[PDB]
Amino acid sequence: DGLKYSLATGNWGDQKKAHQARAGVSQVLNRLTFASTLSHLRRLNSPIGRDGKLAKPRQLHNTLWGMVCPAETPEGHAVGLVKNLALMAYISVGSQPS
Amino acid sequence: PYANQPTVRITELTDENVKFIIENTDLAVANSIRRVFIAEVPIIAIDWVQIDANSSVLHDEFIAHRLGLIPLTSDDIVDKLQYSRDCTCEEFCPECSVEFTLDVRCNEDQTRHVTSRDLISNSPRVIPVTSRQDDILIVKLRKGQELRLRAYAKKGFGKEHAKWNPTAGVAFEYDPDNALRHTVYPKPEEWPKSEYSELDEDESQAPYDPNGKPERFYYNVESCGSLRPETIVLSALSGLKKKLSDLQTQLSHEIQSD
Amino acid sequence: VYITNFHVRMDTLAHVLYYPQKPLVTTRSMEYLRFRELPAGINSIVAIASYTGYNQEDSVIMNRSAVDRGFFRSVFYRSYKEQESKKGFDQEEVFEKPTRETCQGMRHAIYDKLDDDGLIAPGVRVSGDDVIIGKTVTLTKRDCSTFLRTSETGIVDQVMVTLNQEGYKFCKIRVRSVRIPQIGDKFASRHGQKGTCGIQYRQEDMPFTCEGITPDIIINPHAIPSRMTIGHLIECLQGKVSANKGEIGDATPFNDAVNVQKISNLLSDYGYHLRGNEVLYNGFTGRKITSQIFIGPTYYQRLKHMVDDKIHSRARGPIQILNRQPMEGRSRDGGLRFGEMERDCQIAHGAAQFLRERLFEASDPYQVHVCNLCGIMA
Amino acid sequence: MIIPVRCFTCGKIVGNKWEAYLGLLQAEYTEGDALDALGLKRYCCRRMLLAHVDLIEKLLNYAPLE
Amino acid sequence: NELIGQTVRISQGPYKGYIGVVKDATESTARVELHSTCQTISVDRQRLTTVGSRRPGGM
Amino acid sequence: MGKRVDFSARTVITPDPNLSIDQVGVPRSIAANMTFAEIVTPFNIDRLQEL
Amino acid sequence: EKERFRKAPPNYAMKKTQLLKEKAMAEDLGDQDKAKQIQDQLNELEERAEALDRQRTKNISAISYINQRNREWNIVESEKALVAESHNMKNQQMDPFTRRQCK
Amino acid sequence: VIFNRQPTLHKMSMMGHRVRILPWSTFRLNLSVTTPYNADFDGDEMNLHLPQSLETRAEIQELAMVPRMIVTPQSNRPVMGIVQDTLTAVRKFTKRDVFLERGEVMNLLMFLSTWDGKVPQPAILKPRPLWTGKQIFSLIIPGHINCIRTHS
Amino acid sequence: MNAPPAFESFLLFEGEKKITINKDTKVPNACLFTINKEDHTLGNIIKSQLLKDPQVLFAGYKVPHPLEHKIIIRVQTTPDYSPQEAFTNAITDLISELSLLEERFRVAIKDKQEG
Amino acid sequence: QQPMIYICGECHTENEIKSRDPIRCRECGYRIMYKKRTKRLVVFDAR
Amino acid sequence: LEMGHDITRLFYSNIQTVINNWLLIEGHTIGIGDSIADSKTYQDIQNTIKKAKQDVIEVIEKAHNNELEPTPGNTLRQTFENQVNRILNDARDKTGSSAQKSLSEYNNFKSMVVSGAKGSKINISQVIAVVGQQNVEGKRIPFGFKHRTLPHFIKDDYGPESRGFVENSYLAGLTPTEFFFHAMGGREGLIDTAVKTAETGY
Amino acid sequence: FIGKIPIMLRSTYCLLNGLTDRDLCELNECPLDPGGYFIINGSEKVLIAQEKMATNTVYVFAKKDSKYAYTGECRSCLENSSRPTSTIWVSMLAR
RNA sequence: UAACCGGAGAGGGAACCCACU
Ligand SMILES: [Mg+2]
Ligand SMILES: [Zn+2]
Ligand SMILES: [Zn+2]
Ligand SMILES: [Zn+2]
Ligand SMILES: [Zn+2]
């Protein structure tokens, strides 16, 4: 039930302390058009909260070349925080340093 | 004040399109004839579908829409029928509609192409264009899927729905060379010659003609298979003539009553 | 077509086009997106011309005859889920046709439209406030059925009955609704040119070339100069060359082998103005319009923001329980908020009577008694 | 899903030309010569067969029975 | 009332040859929700013919 | 200071150059939904009788 | 009792039967059961493939042929266009295209 | 009816309009009213409020009606003007070399409301009657106005 | 849901008059003919025929709203010619033109076929 | 005397399900099943 | 001010209706033919941009040689940045101006700019001649990586295209590096819009 | 038995793995589905990638809005231990 | 020297995410 709950509501934590957890980590897949499903499956998310008057975390840094799409961002209040992988960007899965 | 004297000269006549030139007529008349070619030419087309059973991957409304767009050979029956909304009968009758039937089931292993060969008709002269070249595909069925429906085709014209449009494309054109300067080219030499340009390859556009009206309106009426391409023109002229006659009768009634 | 098995999916809010088309000018990297196998849009003959003033201020004119031929026609699927349950010792929820002879709480709906099982049948023309799932809860019994959302108006597509984890009867019903593109529907291009369908003309009324080629969509020229979507013009120019060549052009971003002049050189080999313009004839009078119109195939999309899913009106509808004001939202038959900024807008107007009406008389009028000397709220 | 019966812009019947177009492309035809042979002159009608994607072939893979 | 909720066929006027179910009927007119279009029209009650939908045999 | 009000409608706006600058083209269902309370008078008793 | 005399592979239980047979073969540590399951799965796969090819024998085989031919023709068209590019290397003078030349 | 776009930033965001019922399902409004509401037609939505009394309808008609809101106290200038497409069209229309024949003038005059019913003397009588663009546009300017402006 | 039925562009309702004449008061010998359920197809030809009449001072037409099916033709003739008969003659001779065109097309067709 | 016939899923065999019955196919076992098309009059004015 | 508000009401409607009905005869459009610049103006554009690039190179040489004199108020590095920005602003403005005078009377960008309906001469400059310098926070593109703006450039490269100066036009297309720099420049507009909306309403 | 774990579609532990194109259609599914999402109560859920600061790395920032001239942050994290990441701070005072 | 029926609105909530101008 703990898995099934955190994956259903999106709150990353326990149900007794849900208001203290993260939110929106697990979202309903967007089956509206294939290009929306694919883009929802390769979506990044900077956890910086909204109501933020700062601009540096929202700006397209030079170092996002080839990793993050420099054009696909929401135009609302999440502009620059929600991102998208470039086509040939691969995220390392990890290995033992031994 | 009185009537100008229009002429006609058919340059190409096939069973699929007609190219003719109208001379000595006003632009408004020659363009209204074009508009009547598209909208106000009656034609028989499926406009009512009762689906007995449908198991195809196409939706019930998809089948109805596709059946609506199949052209039916209306050449002499169309001038006999009564408009559906103006007929006295309850439901449908031969005077105001052509019955159609399509009962199909796929049992063979290979997929069934539900073309227009499967549209049965209660009359021999009004059918999908199959007389004399593949046929319009309505549905594709797998093993165990079916389509069974009754349909009626009503007398209509392209002003209500595009299914009653008897033309593929009407190519209306006048004054090929820019003699009247009705259009201004920023660079006249970048523009290809019209098909009817009585102009050598040296000059770009005809020298300006200050006093001159548009005549010699070049048409290319292409049928969709329903009406023969000359019957389209004949019936369009008849229909515009009849619109004007009816309006004149109503105007006389308005005048005598004032 | 958002997925090839969309007929098995009992999704909430699915949209699929009747005749989606592959883009005539594509990038080489949309092959790996699988976009030519599940495309979203139709190549349309766009004419970038200010015609008759409705193709105006981000709006677009559309060819009504093209729509009649299935242009951008789409079907809208909505799914309703319901589950029976054991409410308690005394009360049980079950699917049965609500019946005034034994059920209380019945309403003005036509309950004859759904079968004895308690579920509407596949292929039944439903409408707003029609009963979709005949649930009854025994207390004799209270009609707790589920009704089609007000002003949805579709035809039941398929009805599935099964069990859930708890072994209770559980049905997901979905209703299809064909959506012809009317005026007010939102259409966009592949370059950021969003626009609503301003008005629809028949083929006889649209402008036409030297042959009977009329636009499917007419878009305002004033959309280009400030937004500088020159890629829209280059696409509208190369789609013509792709439709004449008879094979699909390339629009990879940084090609260096596809510049405007080479496309124009190709386009002039098929008997067209090398820059894409054409001599249109006014659809109303048949006279040539003195400016040669830019025209060509352009891959236009149909966005999900259809007007009939946004038109909303109210006149003394339901009311909230705590503060007896109109409900909120279109689905609840709520009323629009007369926010504070509107209050200030009316204050600046000096229209104190309209302000009073809006904030007191059309929202929540009430009366109380009060003492003339000491008592408060008697 | 399936080839449109008529060209959206013109009105010319293109519903009986998808299979013939596929056959001509089964031959070594260049993609434009097939349209030219099918009597499609206007580019509005040519785009109907150029851009069409036949999904009804993919939907028929979900056999109801057998 | 009497024919509310029944399937009718509009047998006259512009909406000839249309099937729908009567949403509300009065002594003069009736509101038929058309089966094909997504609309409810108000037709006169003499323009209508009841078609019904029943199955015989029941055994 | 801010409430929800009866007799209000919301819809997508679209251009119409044929309307006068002081005219708004409402659709037919919105006009057929909301009402205006009108007093009866010997002046307009027949119009409202027919309505 | 119905499944007793009615064959399992009729008609839509094929893929589910394939998965169940693979699970049964995997769950058994005995070689005889594994071999019997392998033979049964091979026979069922052959029968199902024959049935699927028979159904797709018409109207879907054709478009698969023309799709393989389309992509093959495209890989041929690309290389012939590339040889044309290599051949047309006489003079490239058109203006409207540029590239960076810093430093 | 009084008509609003929810970002009601200034007084001209809630101007009052006369209603006309039209077939399709959208709030159609004149182009020139775009600038007051800052409301393009890419999908924008606006709220319609219907007053519910004579004392309120009269107040709206006499205080908030659209033509009474042409000039704004914010900057003493108009806020509604000939804008967007019709401005380019009118610039091209008023060029010195725009000439029209009787058949086009008599069609354009059909769209003037305050036309006095008299066709003005064409600017060119021979070799052929031709009307200059300014000649037709002078019929649209009301009354006897006197102003001097400079083209861009 | 608010889409008008397509038959409303040519089918008259009950009570509507096909054509309605109103005398214009702002100038003498001027009328306004209001045709219901018509469009540029029938207004344009009438107008263009009226401009060939030498006794017609003014002729013009409009479609007041593209969503409404009605045209307003305005005629103004000389004092010795009422616009009623101007309009009537401009429809009569227009019908004659179209009938002549029908006849000449019909003969040219049979001359083209095996000829 | 109509028993409310359903169509199975994986089976596609018509089953007779009355009230107070478990939704399972008469053969092979299936908890998913759909409903048959209506017998009401389906008429589309094709447009 | 002279007539009432009703006569002006009819004035507005009459202008719209009469002019839009004439627009059915005149017609109006925009297309690729309005962006092409006749191949004579392209030579001027290229020459101006190349001379600007050479001037920037000379300024860089002077700075590296410590020959660049600090202008009043500004420091050495700040005056170098001001010099480069001044030179590239001159380049963009001059190329745009040359583009303006090359447009034919029938050019549909000019018809929409001189009417004032939509667009500005800067949009014509960017579409036809050159897009220009892309700034973020008022400065040229910053060294996001270690002493360079992208991996494709070399450390300590202050040249035009190394720091964001877009030298192509929207008709000729953007080189990938300057495409990314243009995206960086354009993100500022979206961020500022999203924060302005919430900051001014309060 | 410990409990149920939700499986992401088209993973190495989904029934829809390494499966051919005939079989995906036989199971009424599409061969174009990318996978990568969970089914939770019949709803397709996607885990959106969350970015953070890289652990076990030194960062020297300069917070001007405090008493410190510099701050050598280091978010240390051994490896997915039951102890969440802990951070050192070797800062320098302003004076 | 006679004539059968009368009942009316079922009335619901927080949070988070996504999206639109
Ligand atoms: Mg907008
Ligand atoms: Zn009949
Ligand atoms: Zn008291
Ligand atoms: Zn076509
Ligand atoms: Zn079972």
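Residues numbered from 1 in each chain as written, not as in the entry; some residues may be left out. Chains lettered and ligands numbered in written order. Part of a larger assembly, values for the part shown. Heavy atoms only, no water. Residues with missing side-chain atoms left out of burial classes, pairs and counts.

Its PDB record attributes the structure to cryo-EM, giving the resolution as 6.72 Å.

Turning to chain D, the UniProt annotation filed under Function (unreviewed entry) states: "DNA-dependent RNA polymerase catalyzes the transcription of DNA into RNA using the four ribonucleoside triphosphates as substrates. Common component of RNA polymerases I, II and III which synthesize ribosomal RNA precursors, mRNA precursors and many functional non-coding RNAs, and a small RNAs, such as 5S rRNA and tRNAs, respectively." In its Subcellular location (unreviewed entry) section, the UniProt record describing chain D reads: "Nucleus". (UniProt positions renumbered as here; feature names shortened; annotations may be inferred.)

Engineer: Please clarify how the UniProt feature "binding site: Zn(2+)" (unreviewed entry) in chain D should be interpreted in this entry.
Structural biologist: Here the UniProt feature "binding site: Zn(2+)" (unreviewed entry) sits at D:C7, D:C10, D:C44 and D:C45. Spatial clustering of the annotated residues is evident: they stretch over 39 residues in sequence, but the largest pairwise C-alpha distance comes to 7.3 Å. Counting through the fold element by element, D:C7 comes out in the segment before α1 (18–26). In this structure, D:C7 is in contact with C:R69, D:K12, D:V14, D:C44, D:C45, D:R47 and D:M48, ignoring residues within four places of it in sequence. Examined against the element boundaries, D:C45 turns out to sit in helix α3 (residues 43–51). For D:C45, a relative accessible area of 1% gives the class buried. If near-sequence neighbours (up to four positions away) are discounted, D:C45 is found in contact with D:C7, D:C10, D:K12 and D:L40. (Helix = DSSP H or I, 4+ residues; strand = E, 2+ residues; numbered from the N terminus. Contact = heavy atoms within 4.5 Å. Buried < 20%, exposed > 50% of the residue type's maximum accessible area, 1.4 Å probe, protein only.)

Engineer: Please explain the coordination of the magnesium ion (ligand 1) as it appears in this structure.
Structural biologist: Note on metal sites: the ideal angle is 109.5 degrees for four tetrahedral donors, and 90 or 180 degrees for six octahedral donors. Residues and elements named next belong to chain H. In this structure, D40 (OD), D40 (OD), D42 (OD), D42 (OD) and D44 (OD) serve as the protein donors to the magnesium ion (ligand 1), at separations of 1.9 to 2.4 Å. Taken together, the six donor atoms coordinating the magnesium ion (ligand 1) and their angles of 57 to 161 degrees define a geometry best described as irregular. Counting the intervening residues between successive donors of the magnesium ion (ligand 1) yields the motif D-x1-D-x1-D. On the basis of relative accessibility, which here comes to 19%, the residue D40 falls in the buried class. (Donors = N, O, S within 2.8 Å, 3.2 Å for Na, K, Ca; no water. Tetrahedral: all angles 85-135°; square planar, octahedral: opposite > 155°, others 65-115°.)

Engineer: Explanation requested: the protein's contact with RNA strand M in the structure shown.
Structural biologist: Of all residues adjacent to RNA strand M, which total 18 residues, the nearest are C:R107, C:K194, C:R332, H:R5 and H:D44. Expressed as a percentage, the sugar and phosphate content of the atoms of RNA strand M within 4 Å of the protein is 71%. Separating a base nitrogen of RNA strand M from a side-chain N or O atom of C:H108 is a distance of 3.4 Å. With respect to RNA strand M, the side chain of C:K194 contributes an N or O atom lying 2.5 Å from a phosphate oxygen. Residues belonging to the surface near RNA strand M are distributed by class as follows: four nonpolar, five polar and nine charged. (Near = heavy atom within 4 Å. Polar contact = N/O pair within 3.5 Å; in protein donor to acceptor, adjacent residues only side chain to side chain. Nonpolar A, V, L, I, M, F, W, Y, C, P; charged D, E, K, R; others polar.)

Engineer: Sorry if this is basic, but what is going on with the environment of B:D175 here?
Structural biologist: Along the polypeptide, B:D175 turns up in the loop between β10 (173–174) and β11 (217–223). The spacing of B:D175 and B:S235 is 60 residues in sequence and 26 Å in space, taken between C-alpha atoms. Contacts of B:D175, omitting those with residues within four sequence positions, involve B:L180, B:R216, B:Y218 and C:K288. At 3.2 Å, the side chain of B:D175 forms a polar contact with the backbone nitrogen of B:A179.

Engineer: Just to check I follow, could you spell out the interface of chain C and chain B for this structure?
Structural biologist: It is common to give the size of an interface as the accessible area lost on bringing the parts into contact. Each side of the interface is counted separately: chain C has 39 residues, and chain B has 34 residues. Here chain C and chain B share an interface that buries about 3200 Å² over both sides, 50% of which is from carbon and sulfur atoms. Linking chain C to chain B there are four salt bridges. With its nearest N and O atoms 2.1 Å apart, the salt bridge here joins B:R35 to C:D205. Where chain C meets chain B, there are 18 residue pairs in polar contact. Those elements giving two or more residues to the side of chain C that touches chain B turn out to be α1 (64–68), β5 (74–83), β13 (169–179) and β18 (277–278) of chain C. For the side of chain C that touches chain B, a count of residues per class yields 15 nonpolar, 13 polar and 11 charged. (Buried area = accessible area lost by both parts, 1.4 Å probe. Salt bridge = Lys/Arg side-chain N within 4 Å of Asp/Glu carboxyl O.)

Engineer: Can you help me understand the coordination of the zinc ion (ligand 2) in this one?
Structural biologist: Residues and elements named next belong to chain B. Around the zinc ion (ligand 2), the protein contributes the donor atoms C87 (SG), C89 (SG), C93 (SG) and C96 (SG), at 2.3 Å from the metal centre. Between the donor residues of the zinc ion (ligand 2), the gaps in sequence give the motif C-x1-C-x3-C-x2-C. The exposure class of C93 is buried, given its relative accessible area of 17%. For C96, a relative accessible area of 0% puts it in the buried group.

Engineer: Sorry, what's going on with helix α1 (residues 27–38) of chain B here?
Structural biologist: Each turn of an α-helix holds 3.6 residues, which means side chains three or four residues apart point in the same direction. Residues and elements named next belong to chain B. The end-to-end C-alpha distance of α1 is 17 Å, a good match for the 16 Å that 12 residues give at a rise of 1.5 Å each. Of all 12 residues making up α1, 12 are buried, and the element is well covered by its neighbours. By the burial criterion, the buried members of α1 are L27, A28, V29, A30, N31, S32, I33, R34, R35, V36, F37 and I38. Measuring from the backbone nitrogen of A28 back to the side-chain oxygen at the start of α1 gives 3.4 Å, which picks out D26 as the cap. (Expected span 1.5 Å × (residues − 1).)

Engineer: Would you mind going over the environment of H:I145 with me for this structure?
Structural biologist: Following the sequence through the fold, H:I145 ends up in the segment after α5 (133–140). By relative accessible area, which is 38% here, H:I145 ends up partly exposed.

Engineer: How do you make sense of the sheet that holds strand β2 (residues 30–36) of chain I when you look at a structure like this?
Structural biologist: Across a sheet, strands are paired by hydrogen bonds formed along the backbone, either parallel or antiparallel in direction. The strand order across the open sheet formed by four strands is β1-β2-β4-β3 (chain I), and the pairing between neighbours is antiparallel. In this open sheet, the two strands that pair with only one neighbour each are β1 (19–23) and β3 (56–62) of chain I. Direction aside, the axes of adjacent strands within the sheet are offset by 15 degrees on average. When β1(I) meets β2(I), the two strands line up antiparallel, connected through five bridges. Within β2(I), the position partnered with I:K23 by the bridge is I:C31. Across the sheet, helix α3 (residues 229–256) of chain B lies against β1 and β2 of chain I, angled at about 45 degrees from β1(I), the strand it touches most. In this fold helix α2 (residues 83–112) of chain I packs onto β1, β2, β3 and β4 (70–77) of chain I, with an angle of close to 45 degrees to the strand it touches most, β2(I). (Pairing = 2+ DSSP bridges. Axes fitted to C-alpha atoms, helices over the stretch in contact; angles between N-to-C directions.)

Engineer: Could you clarify how one ought to interpret the sheet that holds strand β1 (residues 26–28) of chain A in this entry?
Structural biologist: Spatial strand order, β1(A)-β2(L)-β1(L): three strands in an open sheet with antiparallel pairing. Either end of the sheet is taken by a strand with one partner, and the two such strands are β1 of chain A together with β1 (38–40) of chain L. If you compare each strand with its neighbour and ignore which way they point, the axes differ by 45 degrees on average. Where β1(A) lies against strand β2 (residues 43–47) of chain L, three bridges are found, and the strand directions are antiparallel.

Engineer: Help me out: how do you make sense of a nonpolar patch on the surface in this one?
Structural biologist: Residues C:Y366, C:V368, C:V370, C:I376 and C:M377 make up a contiguous nonpolar surface patch of roughly 620 Å² in combined accessible area. Note on placement: C:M377 falls in the segment after α6 (352–361). (Patch = residues over 30% accessible without salt bridge, like charges linked within 9 Å, V, L, I, M, F, W, Y side chains within 5 Å. Areas by Shrake-Rupley, 256 points an atom, 1.4 Å probe, with all protein chains shown as cover.)

Engineer: Would you explain the pattern of salt bridges in this entry?
Structural biologist: For side chains bearing opposite charge, pairing can occur when the charged atoms are close. A complete count under the given rule lists 97 salt bridges over all chains for this structure. A salt bridge links C:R125 to E:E33; the nearest nitrogen and oxygen atoms lie 4.0 Å apart. Taken together, the residues C:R125 in the loop between β7 (103–104) and β8 (131–133) and E:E33 in strand β3 (residues 29–34) connect one chain to another. Its salt-bridge partner being C:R190, residue C:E235 comes within 2.5 Å of it at the nearest N-O pair. Of this pair, C:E235 sits in helix α3 (residues 230–245) while C:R190 sits in the loop between β14 (186–189) and β15 (195–201), placing them 45 residues apart in sequence. One network of salt bridges, in which partners are shared, links B:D47, B:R85, B:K154, B:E160, B:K163, J:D45 and J:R47.

Engineer: What should I look at first to understand the interface of chain I and chain B in this one?
Structural biologist: Tallying the contact residues gives 47 residues for chain I and 44 residues for chain B. On the chain I side of the interface with chain B, the three residues burying the most area are I:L98, I:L101 and I:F105, jointly 16% of the side's total. Counting across the interface, chain I meets chain B through six salt bridges. Between B:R35 and I:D39 there is a salt bridge whose closest N-O contact spans 3.4 Å. The interface formed by chain I and chain B contains 11 residue pairs in polar contact. Considering every element that reaches the side of chain I that touches chain B, the biggest residue donor is α2(I), with 21 residues. Its residues assigned to classes, the side of chain I that touches chain B shows 22 nonpolar, 13 polar and 12 charged.

Engineer: So what exactly am I meant to see when it comes to the arrangement of the chains here?
Structural biologist: The pair of protein chains exhibiting the most contacts, out of 34 pairs of chains in contact, is chains B and I. The least C-alpha distance between chain A and chain D, which are not in contact, is 14 Å. Across the gap from chain E to chain H, with no contact made, the nearest C-alpha atoms are 13 Å apart.

Engineer: What is the right way to read the nonpolar core from this model?
Structural biologist: Soluble globular proteins: nonpolar side chains tend toward being buried together. Counting residues in hydrophobic clusters, the biggest one holds 176 residues, and the most contacted among them are B:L67, C:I230 and K:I32. With eight residues, helix α2 (residues 41–64) of chain K is the largest single contributor of residues to this core. Residues contacting B:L67, with those up to four places away along its chain left out, are B:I46, B:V49, B:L102, B:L119, B:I138 and B:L149. Residues B:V221, B:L227, H:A39 and H:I140 belong to the second largest nonpolar core, which totals 118 residues. (Core = buried A, V, L, I, M, F, W, Y, C linked by side-chain atoms within 4.5 Å.)

Engineer: How do you make sense of the packing of α1(B) against helix α1 (residues 40–50) of chain I when you look at a structure like this?
Structural biologist: For the pair α1(B) and α1(I), the least separation of the axes is 9 Å and the interaxial angle reads 165 degrees. The orientation of α1(B) with respect to α1(I), classified from their angle, is roughly antiparallel. α1(B) and α1(I) meet at a crossing whose hand is left-handed. Here B:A28, B:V29, B:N31, B:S32, B:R35 and B:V36 of α1(B) lie close against α1(I), whose contacting residues are I:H40, I:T41, I:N44, I:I45 and I:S48. (Parallel < 35°, antiparallel > 145°, perpendicular 65-115°, else oblique. Left-handed = near helix turned anticlockwise from the far one by under 90°.)

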